[PDB]
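What follows is the content of run_16.pdb, which has PDB, C-alpha atoms:
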```pdb
ATOM      1  CA  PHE A 156      30.227  45.607  23.725
ATOM      2  CA  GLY A 157      28.404  48.520  25.312
ATOM      3  CA  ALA A 158      28.014  47.846  29.023
ATOM      4  CA  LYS A 159      28.719  49.486  32.425
ATOM      5  CA  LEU A 160      32.043  51.237  32.415
ATOM      6  CA  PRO A 161      33.288  53.185  35.435
ATOM      7  CA  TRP A 162      34.292  56.489  33.831
ATOM      8  CA  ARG A 163      36.805  57.063  36.609
ATOM      9  CA  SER A 164      40.488  56.588  35.684
ATOM     10  CA  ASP A 165      40.345  59.239  33.013
ATOM     11  CA  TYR A 166      43.585  61.128  32.612
ATOM     12  CA  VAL A 167      44.985  60.198  29.270
ATOM     13  CA  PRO A 168      47.883  62.684  29.078
ATOM     14  CA  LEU A 169      46.759  64.306  25.801
ATOM     15  CA  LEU A 170      43.353  63.320  24.421
ATOM     16  CA  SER A 171      42.861  66.374  22.208
ATOM     17  CA  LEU A 172      40.578  64.328  19.984
ATOM     18  CA  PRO A 173      36.889  63.717  19.124
ATOM     19  CA  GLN A 174      36.980  61.467  22.188
ATOM     20  CA  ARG A 175      37.134  61.735  26.015
ATOM     21  CA  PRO A 176      33.383  61.274  26.382
ATOM     22  CA  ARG A 177      30.808  62.636  28.839
ATOM     23  CA  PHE A 178      31.698  66.111  30.190
ATOM     24  CA  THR A 179      34.177  68.030  28.071
ATOM     25  CA  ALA A 180      33.086  71.700  27.892
ATOM     26  CA  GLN A 181      34.498  71.767  24.387
ATOM     27  CA  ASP A 182      32.782  74.067  21.918
ATOM     28  CA  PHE A 183      29.821  72.637  20.051
ATOM     29  CA  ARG A 184      29.806  74.613  16.796
ATOM     30  CA  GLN A 185      32.997  75.896  15.189
ATOM     31  CA  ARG A 186      34.275  78.199  12.460
ATOM     32  CA  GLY A 187      32.973  77.831   8.919
TER      33      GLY A 187
ATOM     34  CA  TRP B  55      31.782  46.625  68.295
ATOM     35  CA  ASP B  56      34.438  49.332  68.277
ATOM     36  CA  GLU B  57      36.375  47.400  65.615
ATOM     37  CA  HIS B  58      33.492  47.547  63.154
ATOM     38  CA  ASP B  59      32.861  51.220  63.904
ATOM     39  CA  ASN B  60      36.417  52.139  62.940
ATOM     40  CA  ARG B  61      36.060  50.044  59.789
ATOM     41  CA  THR B  62      33.055  52.051  58.609
ATOM     42  CA  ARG B  63      34.838  55.338  59.315
ATOM     43  CA  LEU B  64      37.785  54.342  57.123
ATOM     44  CA  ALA B  65      35.257  53.509  54.415
ATOM     45  CA  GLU B  66      33.630  56.936  54.416
ATOM     46  CA  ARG B  67      37.050  58.609  54.335
ATOM     47  CA  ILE B  68      38.126  56.731  51.209
ATOM     48  CA  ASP B  69      34.779  57.665  49.661
ATOM     49  CA  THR B  70      35.176  61.428  50.060
ATOM     50  CA  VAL B  71      38.776  61.310  48.852
ATOM     51  CA  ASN B  72      37.840  59.599  45.603
ATOM     52  CA  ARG B  73      35.039  62.146  45.156
ATOM     53  CA  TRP B  74      37.679  64.880  45.076
ATOM     54  CA  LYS B  75      39.699  62.719  42.699
ATOM     55  CA  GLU B  76      36.963  62.422  40.077
ATOM     56  CA  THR B  77      36.059  66.116  40.186
ATOM     57  CA  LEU B  78      39.656  67.169  39.636
ATOM     58  CA  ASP B  79      39.902  64.612  36.820
ATOM     59  CA  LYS B  80      37.152  66.277  34.815
ATOM     60  CA  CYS B  81      38.567  69.744  35.486
ATOM     61  CA  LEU B  82      42.010  68.798  34.202
ATOM     62  CA  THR B  83      40.672  67.232  31.005
ATOM     63  CA  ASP B  84      38.672  70.401  30.348
ATOM     64  CA  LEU B  85      41.861  72.426  30.745
ATOM     65  CA  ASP B  86      43.477  70.207  28.114
ATOM     66  CA  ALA B  87      40.676  71.044  25.701
ATOM     67  CA  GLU B  88      41.027  74.776  26.332
ATOM     68  CA  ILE B  89      44.799  74.787  25.809
ATOM     69  CA  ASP B  90      44.269  73.106  22.436
ATOM     70  CA  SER B  91      41.697  75.716  21.425
ATOM     71  CA  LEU B  92      43.945  78.641  22.340
ATOM     72  CA  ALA B  93      46.774  77.052  20.367
ATOM     73  CA  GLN B  94      44.629  77.064  17.233
ATOM     74  CA  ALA B  95      43.560  80.662  17.847
ATOM     75  CA  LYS B  96      47.201  81.725  18.143
ATOM     76  CA  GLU B  97      48.114  80.170  14.827
ATOM     77  CA  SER B  98      45.115  81.664  13.016
ATOM     78  CA  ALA B  99      45.966  85.175  14.181
ATOM     79  CA  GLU B 100      49.528  84.540  13.080
ATOM     80  CA  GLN B 101      48.550  83.575   9.514
ATOM     81  CA  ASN B 102      46.455  86.716   9.219
ATOM     82  CA  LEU B 103      49.468  88.708  10.381
ATOM     83  CA  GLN B 104      51.605  87.110   7.675
ATOM     84  CA  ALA B 105      48.950  87.795   5.045
ATOM     85  CA  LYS B 106      49.129  91.469   6.051
ATOM     86  CA  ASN B 107      52.329  91.995   3.914
ATOM     87  CA  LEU B 108      51.618  92.132   0.181
TER      88      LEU B 108
END
```

Show this structure as structure tokens.
Amino acid sequence: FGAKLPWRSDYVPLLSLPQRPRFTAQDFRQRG
Amino acid sequence: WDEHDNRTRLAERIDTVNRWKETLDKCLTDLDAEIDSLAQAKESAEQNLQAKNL
């Protein structure tokens, strides 16, 4: 839908994906 | 009176605890990301090592 979600219970054991929104501190630009 | 006072105190306690909970949540997910990155770096260095033979 797109509506208010509480981004609280947020430990998926391994979300090493283009996912896990909001704060990540991943790197923005990569090798190329 | 005193009943309701104690009620409000329990409320503020649960609040601060869950504050800690959320902060640690974000920290741990960030650690997950970093461990993935270092994994990739390890492999890349290893392929260059293997290409150092011919």

Residue IDs satisfying the PyMOL selection byres ((chain B and resi 83-95) around 10), as an mmCIF file with C-alpha atoms, in the frame of the given file:
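File written: part35.cif
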```cif
data_model
loop_
_atom_site.group_PDB
_atom_site.id
_atom_site.type_symbol
_atom_site.label_atom_id
_atom_site.label_comp_id
_atom_site.auth_asym_id
_atom_site.auth_seq_id
_atom_site.Cartn_x
_atom_site.Cartn_y
_atom_site.Cartn_z
ATOM 1 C CA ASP A 165 40.345 59.239 33.013
ATOM 2 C CA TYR A 166 43.585 61.128 32.612
ATOM 3 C CA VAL A 167 44.985 60.198 29.270
ATOM 4 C CA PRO A 168 47.883 62.684 29.078
ATOM 5 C CA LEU A 169 46.759 64.306 25.801
ATOM 6 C CA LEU A 170 43.353 63.320 24.421
ATOM 7 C CA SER A 171 42.861 66.374 22.208
ATOM 8 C CA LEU A 172 40.578 64.328 19.984
ATOM 9 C CA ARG A 175 37.134 61.735 26.015
ATOM 10 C CA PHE A 178 31.698 66.111 30.190
ATOM 11 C CA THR A 179 34.177 68.030 28.071
ATOM 12 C CA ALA A 180 33.086 71.700 27.892
ATOM 13 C CA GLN A 181 34.498 71.767 24.387
ATOM 14 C CA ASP A 182 32.782 74.067 21.918
ATOM 15 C CA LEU B 78 39.656 67.169 39.636
ATOM 16 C CA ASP B 79 39.902 64.612 36.820
ATOM 17 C CA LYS B 80 37.152 66.277 34.815
ATOM 18 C CA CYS B 81 38.567 69.744 35.486
ATOM 19 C CA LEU B 82 42.010 68.798 34.202
ATOM 20 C CA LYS B 96 47.201 81.725 18.143
ATOM 21 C CA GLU B 97 48.114 80.170 14.827
ATOM 22 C CA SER B 98 45.115 81.664 13.016
ATOM 23 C CA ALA B 99 45.966 85.175 14.181
ATOM 24 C CA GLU B 100 49.528 84.540 13.080
#
```

message = Rounded to one decimal, what separation in Å do you get between CA of residue 61 in chain B and CA of residue 159 in chain A?
response = 28.3 Å

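The spacing separating CA of residue 176 in chain A from CA of residue 162 in chain A amounts to 8.9 Å.
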
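Between CA of residue 56 in chain B and CA of residue 75 in chain B the separation is 29.3 Å.
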
Go ahead and fit an axis-aligned box to every listed atom of range 168-172 of chain A plus 5 Å each side, and pass me the centre and edge lengths in Å, one decimal, as JSON.
```
{"center_x": 44.2, "center_y": 64.5, "center_z": 24.5, "size_x": 17.3, "size_y": 13.7, "size_z": 19.1}
```

query = When distances are computed from all atoms listed in the file, which of A:173, A:185, A:164, A:157 shows the smallest separation from residue 77 in chain B?
reply = A:164

With N, CA and C atoms as the atom set, please write range 63-85 of chain B from the structure just given, as a tab-separated table (two decimals), in the first residue's frame.
```
chain	number	residue	atom	x	y	z
B	63	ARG	N	5.62	6.03	36.00
B	63	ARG	CA	7.04	5.69	36.06
B	63	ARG	C	7.36	4.42	35.27
B	64	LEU	N	6.54	3.38	35.43
B	64	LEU	CA	6.75	2.18	34.62
B	64	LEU	C	6.74	2.52	33.14
B	65	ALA	N	5.83	3.41	32.74
B	65	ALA	CA	5.77	3.81	31.33
B	65	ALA	C	7.09	4.40	30.86
B	66	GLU	N	7.63	5.37	31.60
B	66	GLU	CA	8.86	5.99	31.10
B	66	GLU	C	10.01	4.98	31.05
B	67	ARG	N	10.02	4.01	31.98
B	67	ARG	CA	11.08	3.01	31.95
B	67	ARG	C	11.02	2.19	30.66
B	68	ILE	N	9.83	1.69	30.33
B	68	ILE	CA	9.70	0.91	29.10
B	68	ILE	C	10.11	1.74	27.89
B	69	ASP	N	9.84	3.05	27.94
B	69	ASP	CA	10.21	3.91	26.82
B	69	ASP	C	11.72	3.93	26.60
B	70	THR	N	12.48	4.23	27.66
B	70	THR	CA	13.93	4.31	27.49
B	70	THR	C	14.51	2.97	27.04
B	71	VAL	N	13.99	1.87	27.59
B	71	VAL	CA	14.52	0.57	27.20
B	71	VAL	C	14.35	0.35	25.70
B	72	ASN	N	13.15	0.62	25.18
B	72	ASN	CA	12.98	0.39	23.74
B	72	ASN	C	13.81	1.36	22.90
B	73	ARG	N	14.12	2.54	23.44
B	73	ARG	CA	15.06	3.42	22.75
B	73	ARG	C	16.40	2.72	22.52
B	74	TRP	N	16.97	2.18	23.60
B	74	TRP	CA	18.19	1.38	23.45
B	74	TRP	C	18.00	0.29	22.41
B	75	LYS	N	16.84	-0.37	22.44
B	75	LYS	CA	16.62	-1.50	21.54
B	75	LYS	C	16.75	-1.08	20.09
B	76	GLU	N	16.07	0.01	19.71
B	76	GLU	CA	16.12	0.45	18.32
B	76	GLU	C	17.53	0.86	17.89
B	77	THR	N	18.23	1.59	18.75
B	77	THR	CA	19.59	2.01	18.38
B	77	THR	C	20.47	0.79	18.10
B	78	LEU	N	20.44	-0.19	19.00
B	78	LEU	CA	21.26	-1.37	18.79
B	78	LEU	C	20.82	-2.12	17.54
B	79	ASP	N	19.53	-2.10	17.23
B	79	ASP	CA	19.05	-2.72	16.00
B	79	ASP	C	19.78	-2.17	14.78
B	80	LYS	N	19.79	-0.84	14.65
B	80	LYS	CA	20.42	-0.26	13.46
B	80	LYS	C	21.91	-0.58	13.43
B	81	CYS	N	22.57	-0.53	14.60
B	81	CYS	CA	23.99	-0.83	14.63
B	81	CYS	C	24.27	-2.24	14.12
B	82	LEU	N	23.48	-3.21	14.56
B	82	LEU	CA	23.75	-4.59	14.19
B	82	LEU	C	23.53	-4.80	12.69
B	83	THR	N	22.48	-4.20	12.13
B	83	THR	CA	22.29	-4.34	10.69
B	83	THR	C	23.46	-3.74	9.91
B	84	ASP	N	23.97	-2.60	10.38
B	84	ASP	CA	25.13	-2.01	9.72
B	84	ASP	C	26.33	-2.95	9.77
B	85	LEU	N	26.52	-3.62	10.90
B	85	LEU	CA	27.61	-4.60	10.98
B	85	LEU	C	27.43	-5.71	9.96
```
